[PDB]
4 protein chains.
Amino acid sequence: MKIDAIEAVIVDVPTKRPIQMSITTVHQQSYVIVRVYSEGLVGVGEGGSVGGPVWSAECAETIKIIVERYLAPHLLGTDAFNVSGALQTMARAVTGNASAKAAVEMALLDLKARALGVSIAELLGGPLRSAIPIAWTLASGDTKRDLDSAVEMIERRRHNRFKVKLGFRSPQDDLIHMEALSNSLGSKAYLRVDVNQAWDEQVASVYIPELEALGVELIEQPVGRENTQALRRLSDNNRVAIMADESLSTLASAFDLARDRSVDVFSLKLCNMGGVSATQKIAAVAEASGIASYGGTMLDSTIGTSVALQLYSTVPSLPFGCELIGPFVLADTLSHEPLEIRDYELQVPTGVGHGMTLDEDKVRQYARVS
Amino acid sequence: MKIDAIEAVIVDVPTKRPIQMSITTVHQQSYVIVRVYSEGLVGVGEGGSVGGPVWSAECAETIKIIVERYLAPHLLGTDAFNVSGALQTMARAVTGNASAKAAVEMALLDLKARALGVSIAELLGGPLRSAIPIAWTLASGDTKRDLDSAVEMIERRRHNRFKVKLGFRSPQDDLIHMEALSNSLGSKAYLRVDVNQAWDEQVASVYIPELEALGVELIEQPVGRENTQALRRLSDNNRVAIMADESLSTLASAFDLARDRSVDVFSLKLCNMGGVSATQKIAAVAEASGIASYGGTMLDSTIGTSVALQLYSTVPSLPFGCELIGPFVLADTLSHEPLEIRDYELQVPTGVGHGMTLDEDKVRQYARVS
Amino acid sequence: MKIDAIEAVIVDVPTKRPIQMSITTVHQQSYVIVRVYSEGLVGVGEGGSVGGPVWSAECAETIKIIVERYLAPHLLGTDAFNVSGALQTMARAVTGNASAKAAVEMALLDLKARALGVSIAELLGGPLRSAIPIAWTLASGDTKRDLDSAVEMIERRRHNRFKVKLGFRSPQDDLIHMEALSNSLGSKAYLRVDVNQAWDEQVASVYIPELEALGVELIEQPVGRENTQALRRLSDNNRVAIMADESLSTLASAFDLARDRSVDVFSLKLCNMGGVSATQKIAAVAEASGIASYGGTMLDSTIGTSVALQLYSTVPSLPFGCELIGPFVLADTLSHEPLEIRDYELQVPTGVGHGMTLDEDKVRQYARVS
Amino acid sequence: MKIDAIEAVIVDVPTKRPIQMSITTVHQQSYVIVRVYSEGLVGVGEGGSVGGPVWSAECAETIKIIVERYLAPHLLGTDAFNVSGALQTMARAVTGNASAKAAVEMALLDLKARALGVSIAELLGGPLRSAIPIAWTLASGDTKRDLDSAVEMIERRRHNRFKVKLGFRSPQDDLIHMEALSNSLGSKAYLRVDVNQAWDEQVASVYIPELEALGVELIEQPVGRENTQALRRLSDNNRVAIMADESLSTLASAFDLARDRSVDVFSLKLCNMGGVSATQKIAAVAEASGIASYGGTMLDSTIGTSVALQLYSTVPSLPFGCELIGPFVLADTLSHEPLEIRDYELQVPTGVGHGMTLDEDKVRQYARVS
Ligand SMILES: [Cl-]
Ligand SMILES: [Cl-]
Ligand SMILES: [Cl-]
Ligand SMILES: [Cl-]
Ligand SMILES: [Mn+2]
Ligand SMILES: [Mn+2]
Ligand SMILES: [Mn+2]
Ligand SMILES: [Mn+2]
């Protein structure tokens, strides 16, 4: 359909409330929406990082220039209906910068899907599920605060699973916070943790069993991202399911973790993996090796959460559901359509190509680099 | 689009000339074309085996009943535009019978692609290549015969690569046949062999280096299909590229071979792997592990060769090309359209959904079980 | 003795009561009895599958054609007293289809044994035992129902061991069903489970220890058939005895599991292994590696149960007994002779060649393909 | 048939010419024929060792007492048609002494076969071959002598393969003897060596490749019997086929060598393995692992060579033939029937149960302990 022009703008949307992790506190969330105009029909997509260049090596300002100045040129005037070539071309243009690469991928995928009148889900082969159990993260520094916000979410019938962010406290203090949360939300809720790399193997070995004894069903990224050998030993010595998040990056790293089953669950993240096409391949090596598939997020807006939803509904199985709470933690949206949770599950949209139209008005209100 | 009815018929088409392998001689080639009618628009696909229940555990008669009596029922009245569910449903219906499962998959994939006006290639994400270097197999029992047929194919500018079928002779006699073929077709042609499991490791160890010294670039399935450990030792002790064909079956077996690099190249075969969707996953574990991808055939007709072509054009790289000579060895076609080779390469079709319309007249002429 | 003709017919016999497994519910049981006539004396044998093409890739209709159309031809007019050649010949005729191959094997083995006036047991070298402890399976969906049927079997003095079929329930619900069965039948009965591949390693790792703590002595096929690497990790991390059932197939797969002791017990199944001759070899690699031997069934009729009995009595040791309840769950027999249980043990027959004469009258009553 | 009495006598038969090995020179060959009388029909079998207690830990005098005083008692009055029990009973009576255990096994197997009118071959399931390529061993100390005896054997059309006994010379002198034998008998004959454990790994590593370059197709037991780890390294570093002879003993040692393919070929020896029943199991673990099967001898008389022949004809494949030259090197026989070679192959007998009747007259002439 020949790409006329690929434009991109940065937009900063604040979080209703902070999200204190081990690596950074999320007071605001920056993005990069990529509008790929072609033959009259546009294609929206987005790419961004957490805590700037902290969760990953990318950030809002790096995403923009890598897109505009390095990917965009080689993509202008190219067949818009050829994602195979778009991705190949993007790999010969820049190294890494998966968020930037994924941002552009979404747009071409969205546009092509809309031109055919189908949805990203129907394009990938149709769904298998109409809704995926969403998890809620309790990352505020207060224990009482957490519990209260947690009890209400079970009442409002939207969140049955919980993801506690440990790490900012001492290994001995986080365990106590878990004795409290596990005590109250005992059987009424599911519990998971995400140490955000804070634990140094030894601390992980003595503390993982304790959390295991408290009924925690999944421990995400206990040790550092590169210590994939520790990630394995912990996995063989503990019955708990250990998920890889920061360690996952490229298709090769996915296979590297899957050889000796260094991990139990792969956390699928489009921006951390290079798009939808890249994620599917990792979900393929995970299925072959027998590793479960999750469904993470970079606390991305609706534009992202929607595309990721489309793709996750096509996965054979997500034994742990997902955590697409991006729009729900954000203080505002950049589209006219909202994603609605119904009975602890996030419902899959009913439109063509991630059924979300960018709110030009909402795009104009924030638009800062930061 | 709601599946009205899924019909299937058996058709026996002879080979212009025999294809003597290590396991069987191919005098004729039996098939099973599956016409899935839905909302007025049909969807053609096919599934079959080599030498009956010899290359695989399946055969023409087993494919028909497993399709009609076991897969078809659960698929009638189902959303025709949902391959994700179709495959899932087929896995909960029958075990194995990948040719039968792949036959039906093709049809739904074809139909859906035609309803959208795109091609199977554009559906999977668009091509990366417009033609793939086709290989010619020299499986006749005569050495002089082989060489003559080989020289003409280089002259007619259609076949630059050659696949000699060894195995029916003694290990000492096949080597001589290779001293002759390698001598004449020295630099004007590429040489590959396919022992069809005939060699018992030890014979493979002493004979593979000899063939290696004769300039043979690829040795397909030297040992038995199950002796995946021998397949590995041969691979570490020889520089030649060793390809797995019979050993490849399920996504799990693909990963099993990819862990310690038991093989150099994976031979992609839709009927042996369960369709297009299944093949893509194996092509994913191969890419992650770093194993090259080939592109085999079960000497299937145009209906098959066309779908496989659509999919192979989407693969990032096929360092050894393909061997889609199905229509070219066959004595007749079952469609109005022919696939044409141009300059040693098989060209990718220009229509919607494997651009091939079944010749009802040609379907009627053969139609025997055999 | 020169084989005159090998005939085969399909017969459908219902189950007194359903047998709900993880993969399918058994309301009826289809078979394929192979009558090999030769020099006046016949030889009966049988081959069939569970849930059609679900437990294995074979089913009633596939068994018949593979037998009649592919094995039978090459066997007609051949020396009936040469099983060595019969099997070799069958391997060069078709690939896989072990149930079909085993059906024919039984018949030639039976006939040859009858012509010598000895029994299959005496032919294989004489027995070591006169009876083997039979296990009873509790596969009905009701917990109370199970327990009641279980208590009566201990009273009637026929069943001391029990095999609970888990899988159709949630991992959390099956454990409860085991808290009940283990509670009542505590010391008066032996307990074993068969997850039928339902558990995905991680679920198996947390749940196997729980069942272990409930006194369950054997856990059959926890994970999928192909995930033989998970089967190993579970084995090293748990004291419970883990048995392989679906993973076992060919002699090669048997050795593959025996290398690093991926399993504790091999489940011997004639139809799943290719006959009596094939089973003996697997029982040989199991003895050498130090893996225990079981003695399974495909809920086959008397014809099968009898031949399997003959062979199991020759095995050096069966630490877990067998589960030849085929005739006992069936609603009728196809022979004049019945197999009788006496004091928790299934007794070995007292005739020549599986001492069972097909009831032509009973063969005529069912005979449908289904 | 109830064993009345099991008798055994020692008989010393000289070798026409000496057989100088690395461990001992064979000027004479001692035996132990075991006549098991039962219900009027006798059953002949034999057991013995090479160089007395040198090849193995057994010898003529040890075989007799272990038989008479330890196995015989528990076997008297037992069901003669129950080899399963006979072997089991023998294992609970004495430890090791496989030659003694095998001697008795042959007799019961022979008797049972004769009572049924079939042959040991037909009993085991019928043959697959009517003759097995016999190998001739050149063990005399003279090089010229060897070559002459070798040339005549090719002329008389009886021996195409040759087994040179190395070891008694220096590693540098044996190689020369091979430059001579390989030179003359170049293409007219097959060459194999048997170092009889003389080489100390390092010497084996430098010298095996040299012999390999001389066209030697098989190198039997290069290093010591216990250094099964050296046996493996040599195997991975050399294309030549390495056979295990002295290292093979029990079913467990067979599997131990088959795990990591420490050897290429297993040498089957009834006396070294505990009989026919034991040999079959080793031939089972060899088939599963993919190791080739040979067919050795302890230079045993006709009684032995005949039983071994019966069993080898039932093996799926013997890629290297056998070396049953026992009767042919001996200076006389202990039976009325002779085994005849016809066209480089040793023919399988045509009688019931090893078709050989002990020559009472010939038994009386030698009968010394020695
Ligand atoms: Cl995160
Ligand atoms: Cl092929
Ligand atoms: Cl079962
Ligand atoms: Cl020897
Ligand atoms: Mn995380
Ligand atoms: Mn092939
Ligand atoms: Mn089972
Ligand atoms: Mn030797």
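Note that each Cβ is placed from the backbone with ideal geometry, even for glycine, and that neighbours are counted across all protein chains shown. Numbers and lists here come from the model and the stated rules, or from a named source; none is laboratory data.
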Exercise. Mind checking whether some residue in region D:328-347 is out of contact with any strand residue (DSSP E or B) (no Cβ under 8 Å at 6 or more places or on another chain) and within 14 Å of another protein chain (Cβ to nearest Cβ)?
Worked result: no
Seminar exercise, completed: Considering region C:209-223, residues that are surrounded by fewer than 19 Cβ atoms within 10 Å (Cβ to Cβ) and not acidic (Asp, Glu), and then whichever is nearest to ligand 6 (Cβ to nearest atom), we arrive at C:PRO209
For this session: Would you check which residues across region B:262-290 are away from ligand 6 (no atom under 16 Å from the Cβ) and among the hydrophobic types (A, V, I, L, M, F, W, C) and list them?
Result: B:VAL276, B:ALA278, B:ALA283, B:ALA284, B:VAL285, B:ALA286, B:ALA288
Seminar exercise, completed: Residues in region C:296-323 that are closer than 19 Å to C:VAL11 by Cα and within 16 Å of ligand 3 (Cβ to nearest atom) total 7
Problem set entry | Looking only at region D:51-89, and only at residues there that are aliphatic (A, V, I, L, M) and not in a helix (DSSP H, G or I), the one that is farthest from ligand 1 (Cβ to nearest atom) | D:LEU76
Seminar exercise, completed: Selection from region A:300-344 of residues of a type in the set (A, V, I, L, M, F, W, C), in contact (Cβ under 8 Å) with a residue 60 or more places away in the chain and either touching a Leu at 6+ places or on another chain (Cβ under 7 Å) or surrounded by 24 or more Cβ atoms within 10 Å (Cβ to Cβ) (or both) yields A:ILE303, A:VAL307, A:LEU309, A:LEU311, A:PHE320, A:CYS322, A:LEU324, A:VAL329, A:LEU334
Seminar exercise, completed: In the set B:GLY186, B:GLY167, the lone residue that is more than 16 Å from ligand 6 (Cβ to nearest atom) and in the same structural domain as B:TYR312 (by CATH) is B:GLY186
For this session: Could you please let me know if B:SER99 is of a type in the set (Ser, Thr, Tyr), in a loop (DSSP other than H, G, I, E, B) and touching a residue at least 60 places away in the same chain (Cβ under 8 Å)?
Result: no
For this session: Would you tally the residues in region B:47-71 being touching a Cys at 6+ places or on another chain (Cβ under 7 Å), within 23 Å of B:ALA252 (Cα to Cα) and facing chain C (nearest Cβ under 10 Å)?
Result: 2
Exercise. Restricting attention to region A:315-331, does a residue exist that is touching a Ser or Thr at 6+ places or on another chain (Cβ under 7 Å), among the acidic types (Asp, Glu) and farther than 30 Å from B:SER253 by Cα?
Worked result: yes
Exercise. Is there a residue being surrounded by fewer than 19 Cβ atoms within 10 Å (Cβ to Cβ), among the hydrophobic types (A, V, I, L, M, F, W, C) and either within 14 Å of the chain's Cα centre (by Cα) or part of a loop (DSSP other than H, G, I, E, B) (or both) anywhere in region A:360-369?
Worked result: yes
Seminar exercise, completed: The strands (runs of 3 or more DSSP E) lying wholly within region A:118-220 that contain at least 3 residues that are more than 30 Å from B:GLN280 (Cα to Cα) are A:135-138, A:161-165, A:190-194
Exercise. Looking at region B:187-202, which of its residues are out of contact with any strand residue (DSSP E or B) (no Cβ under 6 Å at 6 or more places or on another chain) and within 14 Å of chain D (Cβ to nearest Cβ)?
Worked result: B:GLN197, B:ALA198, B:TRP199, B:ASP200, B:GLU201
Exercise. So which residues in region B:207-230 are in contact with a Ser or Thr (Cβ under 6 Å, 6 or more places away or on another chain) and either within 16 Å of ligand 8 (Cβ to nearest atom) or β-branched (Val, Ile, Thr) (or both)?
Worked result: B:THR228
Problem set entry | Residue satisfying condition, being under 21 Å from the mean Cα position of the chain (by Cα), away from every other protein chain (no Cβ under 14 Å) and more than 16 Å from ligand 4 (Cβ to nearest atom), within set D:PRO14, D:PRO18 | D:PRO14
Exercise. Within region C:42-49, can one find any residue that is away from ligand 5 (no atom under 16 Å from the Cβ), more than 15 Å from C:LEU270 (Cα to Cα) and not in a loop (DSSP other than H, G, I, E, B)?
Worked result: no
Problem set entry | Test set (1) more than 12 Å from every other protein chain (Cβ to nearest Cβ); (2) surrounded by 19 or more Cβ atoms within 10 Å (Cβ to Cβ) - A:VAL94 fails condition number | (2)
For this session: Have a look at B:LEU311, B:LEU268 and point out the one that is more than 12 Å from chain A (Cβ to nearest Cβ), away from ligand 8 (no atom under 16 Å from the Cβ) and either not in a helix (DSSP H, G or I) or not polar (S, T, N, Q) (or both).
Result: B:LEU268
Seminar exercise, completed: Only unsatisfied item for C:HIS74, checking (1) more than 10 Å from every other protein chain (Cβ to nearest Cβ); (2) over 21 Å from C:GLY96 (Cβ atoms); (3) surrounded by fewer than 24 Cβ atoms within 10 Å (Cβ to Cβ), is (2)
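If you check C:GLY186 against the conditions, is it touching a helix residue (DSSP H, G or I) at 6+ places or on another chain (Cβ under 8 Å) and away from ligand 7 (no atom under 16 Å from the Cβ)?
So C:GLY186 fails the test.
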Exercise. Are there any pairs with C-beta distances below 7 angstrom linking a residue in region C:17-28 that is without any contact (Cβ under 8 Å) to a residue 60 or more places away in the chain to a residue that is polar (S, T, N, Q), with the two at least 6 apart or on different chains, and if so which?
Worked result: C:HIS27/C:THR15
Problem set entry | One residue from C:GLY290, C:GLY275, C:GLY295 being surrounded by fewer than 24 Cβ atoms within 10 Å (Cβ to Cβ) and at positive phi | C:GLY290
Exercise. Out of (1) buried (at least 22 other Cβ atoms within 10 Å of the Cβ); (2) without any contact (Cβ under 8 Å) to a residue 12 or more places away in the chain, the odd one out for C:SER187 is which?
Worked result: (1)
Exercise. Somewhere in region C:3-22, is a residue under 30 Å from C:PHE81 (Cα atoms) and of a type in the set (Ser, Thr, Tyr)?
Worked result: no
Exercise. Counting only residues that are within 14 Å of the chain's Cα centre (by Cα) and outside any loop (DSSP other than H, G, I, E, B), which one in region D:241-264 is nearest to the other protein chains (Cβ to nearest Cβ)?
Worked result: D:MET243
Problem set entry | Identity of the residue in region C:286-306, among the aliphatic types (A, V, I, L, M) and under 18 Å from C:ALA331 (Cβ atoms), that ends up farthest from the other protein chains (Cβ to nearest Cβ) | C:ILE303
